[PDB]
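Visitor: A single structure is presented below for examination.
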Amino acid sequence: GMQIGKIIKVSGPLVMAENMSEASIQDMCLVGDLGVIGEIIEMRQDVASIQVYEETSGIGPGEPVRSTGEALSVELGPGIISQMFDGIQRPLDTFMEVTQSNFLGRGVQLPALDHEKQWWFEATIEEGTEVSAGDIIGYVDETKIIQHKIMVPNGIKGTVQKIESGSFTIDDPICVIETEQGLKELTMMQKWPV
Amino acid sequence: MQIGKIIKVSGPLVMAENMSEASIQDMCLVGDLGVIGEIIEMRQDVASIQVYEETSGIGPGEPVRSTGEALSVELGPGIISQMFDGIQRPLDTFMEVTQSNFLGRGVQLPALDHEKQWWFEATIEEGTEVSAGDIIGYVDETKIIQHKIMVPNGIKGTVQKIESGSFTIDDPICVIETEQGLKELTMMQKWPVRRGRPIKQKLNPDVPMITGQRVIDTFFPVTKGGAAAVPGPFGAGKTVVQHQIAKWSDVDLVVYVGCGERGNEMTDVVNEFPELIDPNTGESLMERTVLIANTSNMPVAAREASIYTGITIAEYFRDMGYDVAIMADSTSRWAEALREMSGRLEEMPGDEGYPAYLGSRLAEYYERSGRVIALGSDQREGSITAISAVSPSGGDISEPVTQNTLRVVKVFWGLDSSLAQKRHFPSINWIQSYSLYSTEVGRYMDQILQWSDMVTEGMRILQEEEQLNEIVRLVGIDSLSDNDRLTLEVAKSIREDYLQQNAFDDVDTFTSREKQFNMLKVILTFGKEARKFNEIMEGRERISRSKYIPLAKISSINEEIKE
Amino acid sequence: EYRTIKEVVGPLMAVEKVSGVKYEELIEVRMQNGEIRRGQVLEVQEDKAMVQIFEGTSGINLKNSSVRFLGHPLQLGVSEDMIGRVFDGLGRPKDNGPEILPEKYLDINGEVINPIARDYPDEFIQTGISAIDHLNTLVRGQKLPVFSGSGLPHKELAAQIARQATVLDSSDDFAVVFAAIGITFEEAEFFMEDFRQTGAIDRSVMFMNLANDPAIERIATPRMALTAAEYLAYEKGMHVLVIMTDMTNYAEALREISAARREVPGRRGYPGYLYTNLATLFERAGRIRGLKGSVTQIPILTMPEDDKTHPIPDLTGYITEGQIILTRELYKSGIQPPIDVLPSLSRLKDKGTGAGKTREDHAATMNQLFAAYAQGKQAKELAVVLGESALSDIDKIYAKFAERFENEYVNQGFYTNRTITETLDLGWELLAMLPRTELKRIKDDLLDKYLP
Amino acid sequence: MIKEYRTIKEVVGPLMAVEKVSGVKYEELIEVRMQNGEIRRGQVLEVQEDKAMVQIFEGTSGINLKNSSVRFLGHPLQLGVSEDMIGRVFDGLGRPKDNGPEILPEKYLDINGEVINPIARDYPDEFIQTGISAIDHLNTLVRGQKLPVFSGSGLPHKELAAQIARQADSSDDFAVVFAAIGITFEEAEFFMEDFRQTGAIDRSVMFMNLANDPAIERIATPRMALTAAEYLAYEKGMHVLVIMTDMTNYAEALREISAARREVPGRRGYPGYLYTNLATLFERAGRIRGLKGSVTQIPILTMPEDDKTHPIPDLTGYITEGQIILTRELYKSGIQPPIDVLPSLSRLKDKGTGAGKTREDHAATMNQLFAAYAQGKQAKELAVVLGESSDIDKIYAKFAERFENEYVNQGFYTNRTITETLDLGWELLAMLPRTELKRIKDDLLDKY
Amino acid sequence: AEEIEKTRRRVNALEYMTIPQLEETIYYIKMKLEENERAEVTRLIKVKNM
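Residue numbers (the authors' numbering), protein chains in the order written: chain A, 0 to 193; chain C, 1 to 450, 453 to 534, 542 to 548, 553 to 563, 567 to 579; chain D, 4 to 455; chain F, 1 to 168, 172 to 392, 395 to 453; chain G, 157 to 206.
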């Protein structure tokens with residue numbers, strides 16, 4: 000959706016890419032065909048200077064750079080408890096299962112939480128209620144001990160229009176809010192920059 | 001064909017365009033004067049040139065010509081007993097040609113006398129299959145050193161014609177039938193100083209050198225093919241140590257390189273060496289010595305050249321089956337030449353401004369030393385022993401030259417200013433110094449003499467004295483037991499009666515293996531018997558003066577001690 | 004093929020009209036005289052690439068020489084037939100033995116082990132050296148480095164460890180991968196000759212890089228060795244001991260290439276990314292869940308000016324599970340190996356010791372020996388400060404304990420192979436010098452079973 | 001055809017850049033003709049394409065770029081030499097400063113001079129009696145040697161230097180070349196006064212750069228001096244003594260230019276070429292086979308922060324043939340001269356001393372005195388910390406005291422014969438038990 | 157009493173001279189090392205830009 004960059008310089012851990020003018024400072028990027036983890040440190044015109052955090056052996060000019068559109072963030076929602084991540088929220092359990100290897104291959108990118116697991120959402124707010132950030136619209140009994148409270152995300156303010164209990168994944172819209180900017184949909188997951 | 005033109009001058013660094021025919025490391029004649037230089041860099045058609053002479057008065061628009069050949073040395077009869085500058089120019093012929101006592105610019109003189117007649121004695125039969133290193137004959141360059149004429153590298157075939165006779169080094173003395181046609185050979189070969197002369201096999205240096213200097217031969221020994229570094233502050237007796245090794249070592253030839261140092265020291269060597277006569281031979285030490293001189297006020301870039309010139313000549317003699325010692329004094333001035341050039345190339349410097357490739361350069365030099373089997377059907381055994389002075393500022397051995405050196409050499413003779421000031425010579429710090437050959441030399445000595455234990459015990463006493471003195475300095479000699487007082491007396495004896503040695507005393511200047519054994523035996527004996542305090546001490554002068562004995569007068573001391 | 008050399012500045016050279024060129028890609032230079040030299044891309048731009056020639060740039064005519072880009076970085080051709088063979092830093096035959104047909108070619112950087120997929124070190128490794136096995140135990144899968152110094156005998160200790168290392172029972176023997184980094188010929192020959200003279204070469208794969216080899220070869224060496232080790236271990240199910248000396252030479256090589264790319268140094272003149280670099284190397288080790296084989300690592304490094312705060316030993320300590328320390332004071336006294344147990348540490352030691360693993364009295368005797376040693380050294384110092392007058396009867400014993408401990412226990416010799424049993428027994432004979440009253444860290448149950 | 005361009009591009013401190021030039025050479029001497037007609041000399045540091053970067057000796061203050069010109073004089077910096085130089089005083093750039101006649105020069109010399117062929121060198125071994133015991137006996141000065149004085153701010157190095165020049172089998176004298184380098188008025192005036200009073204001024208050539216003179220000038224001054232010296236020695240067969248103070252100010256000037264040029268720095272911001280640069284001065288000394296003259300050097304430098312490891316004294320020491328060190332400790336005790344003989348050295352004492360040169364007892368007594376003094380100085384330092392009360398070390402402590410007070414301390418106007426010095430040394434050795442005199446063999450002990 | 161006094165002098169030499177001299181020197185070295193390393197990296201960044 001945002002413009003894909005082209006590498007113009009690989010020098011040790013430092014990569015430069017042009018056509019990056021729609022990306023932002025501190026954005027996380029996938030560098031090269033391989034798509035290794037990097038971060039945009041500088042910008043001169045359309046040329047971004049990128050620190051690459053994985054081995055840059057084998058990467059060269061020509062290859063693509065894709066920005067992730069955001070700075071380093073966490074996915075927050077049901078399925079975060081009892082999980083073991085690395086520093087950038089890579090799901091270590093999932094890595095084993097999916098890639099079928101003992102290793103974290105360069106270029107392998109997997110979602111932090113499980114976007115396919117069904118959860119029972121229990122609605123505790125009825126329709127027509129005025130809400131803002133922090134208000135609890137319901138809960139999911141996530142683990143054997145902890146009850147995961149589903150809150151109205153930051154930057155959402157308005158009136159609850161449609162909401163009901165049921166089974167959903169963390170990608171399904173469980174709520175409709177009538178805000179100043181119009182009708183918006185909520186899911187059980189929110190993102191936040193660390 | 002092509003003539004370059006200068007487009008920049010900045011000290012010893014000169015840039016010339018239109019040099020596209022030339023190659024990296026080519027020697028060149030720079031400017032109207034035709035001063036001698038070397039191409040180090042090439043950007044498009046613009047060559048960066050390092051000049052080995054002063055570049056004052058030189059500037060843009062002057063011509064530059066490449067010679068097409070890298071910096072090389074002439075290797076043949078007439079090389080022994082001369083003195084050359086850093087790039088193997090004869091300093092005496094220089095004097096005769098220019099008729100001057102001073103060193104001027106732009107004169108290109110051949111290294112050797114190409115007109116001098118030698119008797120070539122052919123030793124090889126016609127029809128023989130030969131290759132590199134094979135001896136075809138010899139010349140008596142001195143009364144003892146046979147200058148063996150070898151088949152140069154890159155020559156291979158059958159000897160077609162050869163005969164004894166009187167020739168110059170330019171006359172054809174041999175024709176070999178090669179796959180590249182008939183090729184004529186002279187007594188002389190040229191070789192690039194930055195390339196190691198090839199060998200068949202590198203071997204382990206396991207025969208100890210006899211230096212005759214007690215502290216070295218006993219505690220920090222060097223083998224034939226070994227490499228030793230002597231880092232020391234100024235005024236530590238830097239020079240005398242090297243002179244002693246040069247004059248007393250049992251090698252066949254000595255290559256002495258005065259690198260960025262005082263001119264008067266070169267003058268001293270050429271005056272003293274011819275006067276030092278081997279009594280078993282009757283000829284002087286100069287008749288087995290080659291001198292390379294590039295003084296501290298001679299052109300900077302030529303310091304590097306003197307180092308490589310020296311090692312290449314040593315490898316040439318090595319290839320004949322000879323044991324050679326090369327003296328580099330001092331390596332620090334070489335490293336500073338790298339640093340000045342690095343600065344001028346605006347390279348990213350490493351520690352103290354020295355280039356990032358410093359460790360690697362030193363490694364390349366010392367890896368050229370060593371014991372080898374030379375090329376040739378004979379498989380002759382030969383070796384190069386490297387003795388290098390290092391000059392760390394203030395005697396701080398943490399500096400990059402000393403430190404990178406000690407990662408590639410095997411012997412460390414740390415000179416000490418504290419010892420020097422109280423006139424303890426050679427001022428070798430016995431706690432700081434070490435030899436990675438100690439173990440092997442110990443085995444050898446044990447066998448030859450029928453010693454290892456005594457050297458271990460001697461060092462252990464010295465180490466113990468050191469640990470005791472750490473306390474006495476910050477507490478006082480007050481509460482010392484009789485045992486500790488005895489230890490300090492034994493260590494005193496080792497230091498004053500054995501370690502201390504005057505190079506200027508007629509007798510003390512050299513100590514044989516056997517005399518060394520008897521002296522250490524006597525010292526340890528007193529310690530052992532006394533161990534078995543004020544009482545014993547008041548009842553050792555004979556031990557103190559053992560070093561002056563020309567052998568039964570030393571061995572007999574053991575019985576006087578015990579009684 | 005490219006006839007497009009634009010610049011030559013030292014061993015570095017800039018090549019134009021490139022495309023599809025990658026960082027660290029291998030290159031080949033065909034000189035005007037037909038001679039062939041190889042190199043590696045140190046940096047690459049749109050128009051050009053910067054390369055360093057392994058053999059140097061002497062005698063190269065730019066206009067008339069050519070460059071060819073191989074399409075790949077350095078790679079190791081793996082095979083079980085590597086065992087008993089000697090290669091150089093770049094994996095090229097050194098022993099002139101028969102040709103190897105590789106099963107597969109691998110890049111030498113490795114992949115990082117999923118932190119949850121690593122298994123805990125369990126098995127005791129008998130090195131045969133009391134001061135290690137007993138006091139600073141090496142466990143299968145650990146990274147336990149030796150901190151040495153210029154003119155310390157880490158050479159002899161490295162040879163001894165490779166020689167004597169074994170795991171009790173198992174049937175499965177140890178395959179040893181030995182990487183020599185930037186060492187002198189004389190030292191390389193010692194290692195190769197010791198491996199041959201003892202038959203240990205039949206268990207080993209050797210990668211020998213010398214002091215006069217290029218800096219980029221020295222950088223490649225550890226990576227070649229570890230790629231071979233992970234293949235033998237994780238793909239073939241072997242138990243692998245990796246020994247590498249000298250790590251300091253590896254670090255110096257980094258600085259050389261870093262300066263060639265005009266990078267501004269970090270702390271004390273080393274690259275800022277030294278941590279990442281060393282951590283990537285040393286963590287290529289340990290057990291893996293579900294897999295039979297393992298990698299155990301013993302990096303050896305010399306400490307510049309004998310300084311443990313130096314970036315090289317300082318960062319290594321942050322990565323490795325402890326360190327074995329050799330000292331000048333012990334060596335000057337003739338103690339072989341000169342291991343100083345007081346600053347030495349193994350962080351995984353409690354996992355490879357006790358009943359089943361060694362013997363029940365392992366832990367207790369270690370604590371006791373450590374404490375009496377420190378106490379005895381204090382007593383020796385007391386005698387020097389205040390005289391033999393000030394020593395009690397118990398104190399005279401501790402002083403004598405520390406003396407014997409250095410001389411008979413630590414000082415075993417570079418060719419002495421002590422079994423754990425022999426070592427523990429010798430510890431008890433030295434602890435027997437002390438009255439029952441002094442042996443506090445040992446419960447009377449085991450004190451009555453073992454004390455002579 | 002006079003080479004002059006009115007194309008000055010930029011002026012930055014002591015550096016100026018000129019463009020659209022041709023045929024300009026490295027190190028070529030230049031003259032800037034300012035808009036007001038003031039003339040200031042300079043030196044080409046760098047030439048590339050049609051540009052030249054030049055350093056201005058007298059600075060660039062008040063210069064108008066447009067209306068100034070640069071003349072290029074077709075030769076490097078030179079000294080006009082003559083026997084007529086004797087008794088004359090010049091400035092830092094070699095211009096007469098005494099309002100006497102202009103010299104009609106016998107020739108011009110490039111002040112960079114030339115390297116003497118190593119094989120042409122004659123080894124210096126001619127004993128020079130300075131009359132100073134600490135020097136004559138222990139740190140012996142020979143004719144052709146380079147032996148510097150290492151001092152510090154506010155120490156009497158000027159007194160020592162003047163005494164040596166005053167007092168140093173023949174009725175040969177020394178022609179003295181004296182270089183003032185960034186020294187204050189009062190420091191320079193001390194020499195002028197001493198030279199005039201002793202009449203030595205009539206044997207002297209002086210080159211004066213003072214603290215208020217432009218600093219870039221000082222890079223030339225000692226080269227000027229040494230060119231004068233080697234001229235009088237090798238072309239006019241004289242014995243020349245060269246005294247230069249303060250060498251430290253020379254090095255500071257080198258650093259100023261090196262900073263201006265944005266060079267890659269060495270230790271302490273001193274340029275990487277410091278050793279080489281200093282060597283080009285100090286190696287201008289010695290003797291030549293077959294030539295009657297000689298050059299003897301006594302450079303004087305103050306050790307900054309009294310630190311012997313400072314690049315200036317350290318590198319100097321690596322070049323010169325020993326050093327004479329003055330200390331603030333000995334100076335505060337009123338020792339004159341305040342010479343610390345323990346860190347002092349002479350590298351050419353061996354071949355200049357002994358029977359038929361000084362006396363047969365020279366070398367032996369020197370070594371025994373050094374060893375006795377080092378042990379006595381150690382015992383004094385012990386007694387000051389642990390108290391006055395071994396029996397033998399107490400003897401050494403008294404020796405070191407008598408040695409400093411009676412042997413080293415003699416006064417700046419006391420001129421002792423070598424015999425008097427050696428005999429006095431024996432009087433001090435007589436304090437020690439004969440058993441302790443282990444550096445001296447039986448034959449010398451029995452005799453003296 | 158004599159032994160007491162001789163012990164006392166050694167104690168006071170350490171307490172008022174030896175130890176403080178070592179403390180002051182350690183402080184000095186430590187500072188000077190620190191200063192030079194900052195100056196060194198400053199120059200490297202300058203040489204970098206050249």
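All C-beta atoms, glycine included, are put in the ideal place defined by N, C-alpha and C.
For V524 of chain C versus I570 of chain C, is the C-beta spacing smaller than 8 Å?
Guide: On the second sequence, residue 524 of chain C is found 522 positions in, with the first residue counted as 1. On the second sequence, residue 570 of chain C is found 554 positions in, with the first residue counted as 1. Yes, Cβ-Cβ distance for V524 of chain C and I570 of chain C is below 8 Å.
Visitor: Can the beta-carbon of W430 of chain C be found closer than 8 Å to that of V215 of chain C?
Guide: The sequence position of residue 430 of chain C within the second sequence is 430, counting from 1. The sequence position of residue 215 of chain C within the second sequence is 215, counting from 1. Result yes, Cβ atoms of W430 of chain C and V215 of chain C sit closer than 8 Å.
Visitor: Please list, in chain order, all residues of the same chain as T98 of chain C whose beta carbon is under 7 Å from its beta carbon, the five residues on each side excluded.
Guide: Taking the first residue of the second sequence as position 1, residue 98 of chain C is located at position 98. Contacts found: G104, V107.
Visitor: Thinking C-alpha only, which one of C:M456, C:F425, C:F317, C:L109 is nearest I373 of chain C?
Guide: Residue 373 of chain C sits at position 373 when you count from the first residue of the second sequence. Checked all of C:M456, C:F425, C:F317, C:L109; the closest Cα to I373 of chain C is C:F317.
Visitor: How is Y412 of chain F classed by DSSP in three states: helix, strand or coil?
Guide: Your numbering for residue 412 of chain F matches position 407 in the fourth sequence. If DSSP states are grouped into helix, strand and coil, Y412 of chain F belongs with the helices.
Visitor: Taking 8 Å as the threshold (beta carbon to beta carbon), is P307 of chain D in contact with chain G?
Guide: For this step, residue 307 of chain D is matched to residue 304 along the third sequence. By this cut-off, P307 of chain D is not an interface position.
Visitor: Less than 8 Å between the CB atoms is what I'm expecting for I111 of chain D and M227 of chain D, so what's the real figure, rounded?
Guide: Stepping through the third sequence from its first residue, residue 111 of chain D is reached at position 108. Stepping through the third sequence from its first residue, residue 227 of chain D is reached at position 224. The Cβ separation is near 6 Å, so the contact holds.
Visitor: Answer yes if the segment 293 to 304 of chain D comes into contact with the segment 131 to 149 of chain D, meaning at least three C-beta pairs across the two stretches below 8 Å, and no otherwise.
Guide: Yes, since at least three Cβ pairs between the segment 131 to 149 of chain D and the segment 293 to 304 of chain D fall closer than 8 Å, the two stretches touch.
Visitor: For the segment 110 to 121 of chain A against the segment 248 to 265 of chain D, do three or more pairs of beta-carbon atoms, one drawn from each stretch, fall closer than 8 Å, so that the two count as touching?
Guide: Contact between the segment 110 to 121 of chain A and the segment 248 to 265 of chain D is absent, because fewer than three Cβ pairs lie under 8 Å.
Visitor: Identify every residue that forms a DSSP beta bridge with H147 of chain C.
Guide: As a first step, residue 147 of chain C must be located in the second sequence, where it is residue number 147. DSSP output for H147 of chain C lists C:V139 as bridge partner(s).
Visitor: Between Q163 of chain F and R407 of chain F, what straight-line distance do the alpha-carbon atoms span, to the nearest angstrom?
Guide: Against the fourth sequence, residue 163 of chain F aligns to sequence position 163. Against the fourth sequence, residue 407 of chain F aligns to sequence position 402. When rounded, the distance between both Cα atoms is 23 Å.
Visitor: Can you pull the chain G residues whose beta carbon is under 7 Å from the beta carbon of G390 of chain F, in chain order?
Guide: The count along the fourth sequence starts at 1 and reaches residue 390 of chain F at position 387. Those are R165, listed as they occur along chain G.
Visitor: To the nearest angstrom, how far is the alpha carbon of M83 of chain C from that of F220 of chain C?
Guide: Position 83 of the second sequence, counted from the start, is the residue given in the question as residue 83 of chain C. Position 220 of the second sequence, counted from the start, is the residue given in the question as residue 220 of chain C. Taking the straight line joining both Cα atoms gives about 31 Å.
Visitor: Would you say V203 of chain G reaches chain C, if we count a Cβ-Cβ gap shorter than 8 Å as a contact?
Guide: The sequence position of residue 203 of chain G within the fifth sequence is 47, counting from 1. With 8 Å as the cut-off, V203 of chain G counts as an interface residue toward chain C.
Visitor: Quick one: what's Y52 of chain A bridged to in DSSP?
Guide: By one-based count along the first sequence, residue 52 of chain A stands at place 53. Paired residues: none, contrary to the question.
Visitor: Quick one: using the 10 Å Cβ neighbour count with 16 as the cut-off for buried, is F234 of chain C buried or exposed?
Guide: Position 234 of the second sequence, counted from the first residue, corresponds to residue 234 of chain C. Classification for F234 of chain C: buried.
Visitor: Below 8 Å, how does it come out for the segment 138 to 147 of chain C and the segment 87 to 95 of chain C: are there three or more Cβ pairs, yes or no?
Guide: They do not touch, by the three-pair rule.
Visitor: Is the CB of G86 of chain C under 8 Å away from at least one CB in chain G?
Guide: By 1-based counting over the second sequence, the position of residue 86 of chain C is 86. False, the Cβ-Cβ gap to chain G never drops below 8 Å.
Visitor: Give me, in chain order, the residues of the same chain whose beta-carbon lies closer than 6 Å to that of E466 of chain C; leave out the 5 immediate sequence neighbours on both sides.
Guide: Within the second sequence, residue 466 of chain C is the residue found at index 464, counting from 1. Excluding residues within five positions, the ones whose Cβ falls inside 6 Å are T489.
Visitor: Compute the distance between the beta-carbons of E27 of chain D and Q43 of chain D, then report whether it is under 8 Å.
Guide: As a first step, residue 27 of chain D is located in the third sequence; it is residue number 24 there, counting from the start. As a first step, residue 43 of chain D is located in the third sequence; it is residue number 40 there, counting from the start. Contact flag set, yes.
Visitor: By DSSP's criteria, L429 of chain D is part of a beta bridge. Which residues make up the other side?
Guide: Taking the third sequence and counting its residues from 1, one reaches residue 429 of chain D at position 426. Its beta-bridge partners do not exist; DSSP assigns none.
Visitor: Find out if the Cβ-Cβ distance for the pair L93 of chain F, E31 of chain F is shorter than 8 Å.
Guide: Residue numbering aside, residue 93 of chain F sits at position 93 when the fourth sequence is read from its first letter. Residue numbering aside, residue 31 of chain F sits at position 31 when the fourth sequence is read from its first letter. No, these two residues do not count as a Cβ contact at 8 Å.
Visitor: Per the DSSP calculation, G106 of chain C is bridged to which residue(s)?
Guide: Residue mapping note: residue 106 of chain C aligns to position 106 of the second sequence, counting from 1. Per DSSP, none; premise fails for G106 of chain C.
Visitor: Just tell me which of A:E179, A:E126, A:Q180, A:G78 has its CA closest to the CA of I145 of chain A.
Guide: Translated into the one-based positions of the first sequence, residue 145 of chain A becomes position 146. Residue A:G78 is the option with its Cα nearest to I145 of chain A.
Visitor: Taking DSSP as the reference, what is the three-state secondary structure of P455 of chain D?
Guide: Here residue 455 of chain D refers to the residue found at position 452 when the third sequence is read from its first residue. In the structure shown, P455 of chain D sits in coil (DSSP, three-state: anything other than H, G, I, E or B).
Visitor: Which parts of the segment 74 to 125 of chain C are runs of the alpha helix (DSSP H), unbroken and 4 residues or longer, counting only runs that do not cross its ends?
Guide: Here the runs fully enclosed are 91 to 98.
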